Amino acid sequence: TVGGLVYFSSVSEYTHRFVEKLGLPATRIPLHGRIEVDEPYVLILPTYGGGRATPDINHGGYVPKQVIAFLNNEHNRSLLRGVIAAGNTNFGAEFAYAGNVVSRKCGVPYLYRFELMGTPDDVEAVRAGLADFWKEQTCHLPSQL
C-alpha cells in the first residue's frame, strides 16, 4: 500500500524539490484549476503571507489559495489525514504557519515542518514519519466479529 501524498509548490519549486527527494509518489495541486483525489493522504504545503511579528491563526494568507480551494471540495477535505508544512525560519513566529492553520482548522495532526527544499535529515524523518503514520491507521480497523 502506497501512502497518499498531495502537495503544492509555487514557481520557486522548493516543496516540489523536497517531494522529489522523498522518493515517495505524490499528486501536485495545480497553479489554477480543480482537481480531486480518491484515497486518504497527507498534505505537504509551503507558507506564504508572512510579515506579522505577533501572528494570529485566523489571519489570511498563510495557506496558499490553491490549497484553500482544493480543501473547499468536501471529498478532498474528507480524505485529509495530516499536514506537513514548509517555510523559512527567518519568519520567526510565522515559521511554517500554514501547518498550524491547516492542523487547527481541519482537525488533523501536524506531522512535521521544514525549511525551503529540506535537509537530508528532513527527508529521512519524513520518510520514517509517514511510514509510522500510515501504520497507525491499522490500529483503527473495523471490528470483524
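Residue numbers run from 1 along the displayed sequence.
Using only the Cα atoms and their B-factors as the entry lists them, report which of 28-36 and 48-56 averages higher.
It is 48-56 that shows the higher mean C-alpha B-factor.
Averaging CA B factors per stretch from the PDB record, which one is higher: 57-65 or 83-91?
It is 57-65 that shows the higher mean C-alpha B-factor.
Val126 CA temperature factor, ranked by third within the chain:
Tercile = lowest for this residue's CA B-factor.
Is the Cα B-factor recorded for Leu145 in the lowest, middle or highest third of its chain?
It falls in the top third of the chain.
Based on the deposited C-alpha B factors for this chain, I'd like to know if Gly118 is in the lowest, middle or highest third.
Ranked within chain, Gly118 CA B lands in the middle tercile.
Chain-wide C-alpha B factor ranking for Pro109, given as lowest, middle or highest third
Its C-alpha B-factor, which the entry lists for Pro109, ranks in the middle third among residues of this chain.
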